[PDB]
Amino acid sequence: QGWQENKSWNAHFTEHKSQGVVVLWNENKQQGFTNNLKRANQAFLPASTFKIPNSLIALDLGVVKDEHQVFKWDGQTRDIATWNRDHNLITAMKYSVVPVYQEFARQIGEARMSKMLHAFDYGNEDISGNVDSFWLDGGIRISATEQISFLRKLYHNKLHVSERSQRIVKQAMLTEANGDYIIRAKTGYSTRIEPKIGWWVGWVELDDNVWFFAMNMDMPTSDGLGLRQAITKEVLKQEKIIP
């Protein structure tokens, strides 16, 4: 089997009248768990979770000099208000500012974007579509288990980019931390192509172990976005990963 199936986590999806998959990886024991082995291997558009490889590539090619470089707002008012201001790599990740990352992809270019995604072993490695939207409405597809594989390489500094690039991106992935755990992660909301889904991918660092996770769920409207982190934390608590 490889992966173990734990159907009891479906209770957390059903409790919120939702459908989806959570995948966990225990790094110390090299064991994986999921509520749905089939959906765990189903490949979707990455949407904003593609900000992780896009950040790595932009840094390594010097499109982004460091996490303090300011990317000026282009003056075009967009629907998410946090986008209509200047950003650096830290705040553009936090607020998931698409137009900044679309400019990164334009500067990287089709040829180099394709070779890096092949170097990364990322999903189906297919960038067909527009250079600045293929991860939103083009041909790239990645499963939850494939996100884990990619994230594990990032955690260990094993992707073929500089160690510094990988350290900066993991810094920008910082989402939450207390005296018990650190979460580094990235959210995604795929809306341009059916089915609309939400993503949350990353890992939980403990004193003696790290737990990688990748989840996606059906997201017909934006009012459910909070359930990405809420369902994931319910699974993490049930498995006694976080208190």
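Counting begins at 1, following the sequence as shown.
Look at the C-alpha B-factors of 68-76 and of 132-140. On average they run higher in 68-76.
According to the PDB record, 189-197 carries the higher mean C-alpha B-factor of the two stretches 55-63 and 189-197. Taking only the listed residues 157, 149, 84, 102, the entry reports the highest CA temperature factor at 84.
Listed residues 35, 41, 175, 31 were ranked by CA B-factor as deposited; 31 comes out on top. In the deposited entry, the Cα temperature factor of residue 116 places it in the middle third of its chain's modelled residues. Among the modelled residues of its chain, residue 23 has a C-alpha B-factor that falls in the lowest third, as given in the PDB entry. Looking at the C-alpha B-factors along this chain, the one for residue 166 belongs to the lowest third.
Placement of the Cα temperature factor of residue 17 within the chain: highest third of the modelled residues, per the deposited record. Remark: residue 107 belongs to the highest third of its chain, ranked by C-alpha B-factor as recorded.
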